[PDB]
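Quick note on labels: first sequence line is chain A, next is B, and so on, each numbered from 1.
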Amino acid sequence: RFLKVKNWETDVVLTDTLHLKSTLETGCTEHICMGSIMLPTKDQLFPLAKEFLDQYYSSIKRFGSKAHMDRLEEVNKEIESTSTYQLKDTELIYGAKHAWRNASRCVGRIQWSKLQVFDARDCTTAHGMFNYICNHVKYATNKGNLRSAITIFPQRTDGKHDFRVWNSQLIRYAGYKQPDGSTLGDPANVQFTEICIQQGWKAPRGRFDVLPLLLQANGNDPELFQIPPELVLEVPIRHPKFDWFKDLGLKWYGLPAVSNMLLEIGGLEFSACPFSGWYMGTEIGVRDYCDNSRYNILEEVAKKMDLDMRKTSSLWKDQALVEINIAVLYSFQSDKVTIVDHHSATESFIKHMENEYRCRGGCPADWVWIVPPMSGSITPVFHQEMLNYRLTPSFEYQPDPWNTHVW
Amino acid sequence: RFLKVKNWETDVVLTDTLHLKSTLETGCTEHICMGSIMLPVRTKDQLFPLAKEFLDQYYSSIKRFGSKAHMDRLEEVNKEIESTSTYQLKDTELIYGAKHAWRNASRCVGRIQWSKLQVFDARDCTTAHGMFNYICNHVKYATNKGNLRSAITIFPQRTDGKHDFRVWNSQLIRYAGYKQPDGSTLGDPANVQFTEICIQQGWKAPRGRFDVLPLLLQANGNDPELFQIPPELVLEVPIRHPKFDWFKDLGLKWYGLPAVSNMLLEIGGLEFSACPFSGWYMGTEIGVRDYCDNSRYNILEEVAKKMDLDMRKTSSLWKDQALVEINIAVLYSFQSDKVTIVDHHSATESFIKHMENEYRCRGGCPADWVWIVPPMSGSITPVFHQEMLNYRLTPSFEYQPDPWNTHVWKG
Ligand code: HEM
Ligand code: HEM
Ligand SMILES: Nc1ccc2ccc(CNCCc3cccc(F)c3)cc2n1
Ligand SMILES: Nc1ccc2ccc(CNCCc3cccc(F)c3)cc2n1
Ligand SMILES: C[C@H](O)[C@H](O)[C@H]1CNc2nc(N)[nH]c(=O)c2N1
Ligand SMILES: C[C@H](O)[C@H](O)[C@H]1CNc2nc(N)[nH]c(=O)c2N1
Ligand SMILES: [Zn+2]
């Protein structure tokens with residue numbers, strides 16, 4: 001019931017109690033671990049509201065005060081009367097920060113209390129959503145000095161009036177299947193790109209076309225908008241030693257802004273809650289650039305480096321991988337766009353875990369996601385035991401809107 | 001019930017039914033995943049079902065399930081249990097059990113090889129000198145002058161838990177570690193405690209950076225005894241780099257034979273507390289973990305110094321750069337000296353083919369992603385992208401407490 005995690009590099013042992021608060025389920029049982037699987041009414045709502053308000057009033061050292069009891073009463077009356085309820089601004093801010101705090105898959109959570117929350121609950125139309133989103137983009141981008149932010153659209157009601165951003169990130173590149181056989185642009189986004197085209201976007205059909213936003217207000221049919229190009233900060237990718245690197249024609253965008261997740265606070269569901277922080281270098285250089293199913297550029301880079309691609313045991317992939325990642329970091333830094341390397345980010349996270357154990361009694365963490373996709377055991381998180389469990393408020397996955405939406 | 005796993009690179013979906021045969025527990029619950037936790041005297045009562053289930057599996061594998069030989073064997077084991085309180089495995093069943101413990105080892109990336117395992121039956125062994133002789137023969141056989149062959153040597157099973165056979169060493173071949181008065185370590189920091197035990201037992205330590213430890217061998221619950229493996233049996237590879245000529249001057253070498261000796265083999269409820277086994281190295285075990293872990297030889301700084309990388313900011317990726325060079329060096333050295341080694345690309349690719357084969361023919365392959373994914377270049381290996389289900393099948397290899405924590409000293 002009280003659980004120990006050990007760091008095997010430093011022998012530091014932490015004791016977890018926070019897991020006993022855990023409410024939602026993991027996918028695992030006593031008979032089978034699913035640790036590596038990517039995706040494992042009135043009656044229901046009041047317990048969820050109560051649990052949330054309890055922790056909120058606890059956090060401001062007013063647990064069991066008249067202000068606490070009154071609010072519980074007030075929300076209870078509102079649920080009974082209206083079958084839903086509204087969060088005070090203070091509760092919404094607390095809820096959003098805590099959803100990030102509780103994100104077991106996020107290595108950047110040392111930052112969790114510095115999150116700018118944009119309340120867009122008064123939004124009613126897709127043009128309105130576009131306006132809020134451009135404002136988020138500009139605020140978060142901050143000319144390269146990136147700031148963490150979330151923009152929160154109205155909560156689900158009867159679920160036939162959902163707000164959704166159809167995009168997976170606010171800023172992403174299109175992907176096109178070619179008449180010849182290959183893929184141009186980002187292969188991850190072929191189906192979304194097609195939806196845009198079918199809805200009427202005219203694609204310039206290049207390798208790096210910033211997708212248009214596809215915005216759905218109030219359960220309505222989604223609409224297209226182009227983010228003003230001037231709000232999209234992009235970085236040309238060069239290498240501090242290899243002059244030929246620039247000729248590869250690689251660029252990436254500065255702002256990682258995830259827009260397809262669902263924020264759950266006190267039982268309320270925010271189906272449109274685009275949020276943004278800043279990149280860890282490996283996301284672009286290892287995953288975006290080198291996944292065989294992504295831009296998949298390892299082959300081309302190795303050639304330019306004139307490496308022995310005959311045998312896997314020359315480690316040519318590994319050599320080229322490192323160079324690509326040096327170049328990503330160098331390019332962002334040269335252009336003064338916030339980026340974090342995997343050594344710095346994981347070291348920060350170890351510190352954050354220690355803070356959380358010390359101040360909160362634990363920190364849910366998913367080792368499979370937290371350890372970087374390159375150089376795992378030379379980062380301290382590799383050697384850190386982690387306990388994974390589900391706390392609310394939370395960010396959750398939801399099915400892509402096009403499989404759900406009734407036109 | 002059917003469970004699906006997806007590969008997110010290929011979209012290949014596999015269906016697992018084998019998990020239904022799993023009895024032992026994982027550590028996980030519906031409320032907590034313990035997937036990254038490193039480590040998460042039987043009565044007659046508990047013994048007969050364990051024996052029965054095992055013999056049922058054995059007889060099925062030989063297509064003799066429910067045969068007269070199957071039934072007579074169950075009856076003979078049952079009578080032997082309630083009379084003698086334990087039972088002896090036939091040679092065929094021992095071989096089958098040792099292979100399956102390997103097949104079932106969810107943290108093992110090299111399991112494509114599981115059916116090629118040389119089993120040495122050392123159950124007639126009685127003394128530590130006897131153990132030493134078995135172990136030397138194992139080493140010489142497995143080494144095969146660089147053309148490594150997988151093998152296991154199986155000493156007598158646990159009886160009352162007071163007469164255990166144990167190899168105190170964690171691997172048959174491993175380098176000594178010496179904690180210095182100034183707090184620095186000479187040799188391998190992983191083996192300081194064990195090195196101290198050996199010294200106390202009377203080993204004369206050469207005190208260098210790569211001293212092969214003596215064997216500390218326990219037979220029949222007696223105090224363990226020290227023995228030196230003949231040096232001519234210990235194959236070693238000096239480490240050099242194909243392009244960097246100063247690399248040799250780092251003074252590095254490693255041994256060819258990885259031979260884990262501190263695990264417990266469980267077959268049909270029987271416990272084999274001394275069952276040293278050996279395969280061959282995946283290059284990252286030495287080049288990533290043994291050489292570059294901060295708590296091990298920790299050579300990253302000196303290597304990057306010599307490469308003259310920019311070391312003032314971690315964002316130069318000097319560590320990642322030095323890591324790749326060291327790992328190229330390890331593979332190059334082993335290949336050049338004709339000692340078996342596998343790189344992490346080849347090994348993970350083979351594992352994926354093994355796993356798909358196992359799903360088709362066996363209905364599953366239990367696998368621990370946390371261990372299967374290599375400790376460098378994780379996502380450019382196919383296993384990173386592969387969903388895996390971790391569950392526990394028997395026969396199995398299990399951890400056991402270090403023997404110095406539990407041994408009752410005779411004196
Ligand atoms: C401030 C800089 C931040 C850094 C460096 C960072 C780092 C990361 C990284 C590297 C991932 C893994 C994503 C992947 O591999 O696809 C991740 C996951 C995640 N982070 Fe962050 N994070 C940051 C800010 C944020 C913010 C502001 C939020 C929300 C308010 C957040 C919530 C999440 C969530 C929910 C996941 C899991 C996503 C999923 O399951 O697909 N993070 N974080
Ligand atoms: C034949 C070549 C083999 C290769 C390349 C190989 C590869 C590996 C590697 C790289 C590990 C992880 C080691 C670590 O990080 O500590 C491992 C784990 C393991 N392998 Fe193998 N393996 C081989 C043969 C064997 C053999 C012969 C056995 C036993 C008969 C075996 C049973 C295991 C077990 C039980 C583990 C888990 C160890 C633990 O939990 O500490 N493997 N394998
Ligand atoms: N730098 C950051 C910060 C927060 C992030 C939050 C989310 C993400 C992207 N996560 C998507 C992972 C994913 C990919 C493909 C399928 C899937 F189910 C899930 C990236 C982030 N990067
Ligand atoms: N090449 C091989 C083959 C089989 C192996 C079997 C076991 C191992 C070593 N595993 C050590 C695991 C370990 C290290 C430190 C603490 C701990 F609890 C467990 C290495 C192997 N290498
Ligand atoms: C199958 C496996 O769970 C999958 O490839 C995971 C592994 N770890 C990951 N870790 C992070 N941060 N991001 C990912 O997309 C993944 N993918
Ligand atoms: C805490 C964590 O579980 C631990 O460091 C593990 C991670 N994965 C590993 N994987 C392998 N193959 N070997 C190891 O020693 C480890 N160590
Ligand atoms: Zn689990």
How far does CD1 of B:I372 sit from CE of B:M355, to the nearest 0.5 angstrom? 9.0 Å
For the residue pair A:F153 and A:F163, categorise the inter-ring angle as parallel (less than 30°), tilted (30 to 60°) or perpendicular (more than 60°). parallel
For the backbone of B:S379 and the side chain of B:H385, can you confirm whether one donor and one acceptor N or O come within less than 3.5 Å of each other? yes
Do B:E9 and A:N292 have a side chain donor and acceptor closer than 3.5 Å? no
Validate the cation-pi geometry between A:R147 and A:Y139: distance from NZ or CZ to the six-membered ring centre under 6.0 Å, angle to the ring axis within 45°. yes
Here's one to test your reading of the geometry: is the NZ or CZ of A:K246 within 45 degrees of the ring axis of A:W244 and under 6.0 Å from its centre? no
Quick check, are the ring centers of A:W100 and A:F275 under 6.0 angstrom apart? no
Could you check A:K303 against A:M309 for side-chain contact (heavy atoms from CB on, under 4.5 Å), going step by step and ending with a plain yes or no? CA-CA 8 Å; A:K303 278 158 140 67; A:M309 294 175 65; 3.9 Å; yes
Between A:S271 and A:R156, is the side-chain contact (heavy atoms from CB on, under 4.5 Å) condition met? List the steps. CA-CA 7 Å; A:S271 40; A:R156 173 167 297 128; 3.8 Å; yes
Here the gap from A:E323 atom CD to A:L307 atom CG, rounded to the nearest 0.5 Å, amounts to 9.0 Å
Does A:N325 reach the main-chain N or O of A:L321 with its side chain, forming a donor-acceptor pair under 3.5 Å? yes
Main-chain N/O of A:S104 paired to A:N388 side chain as donor or acceptor, under 3.5 Å: no
Check for a donor-acceptor pair, side chain of A:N189 on one end and backbone N or O of A:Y173 on the other, with a separation under 3.5 Å. yes
In terms of relative ring orientation, are A:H405 and A:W407 parallel, tilted or perpendicular, with 30° and 60° separating the classes? perpendicular
Under 30°, 30 to 60°, or over 60°: which ring-plane class applies to A:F192 and A:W402, parallel, tilted or perpendicular? tilted
Under the 3.5 angstrom rule, does the side chain of B:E387 hit a backbone N or O of A:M38 as a donor-acceptor pair? yes
Check: A:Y295 ring centre within less than 6.0 Å of A:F208 ring centre: yes
Are B:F384 and B:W369 an aromatic pair, judged by ring center distance below 6.0 Å? yes
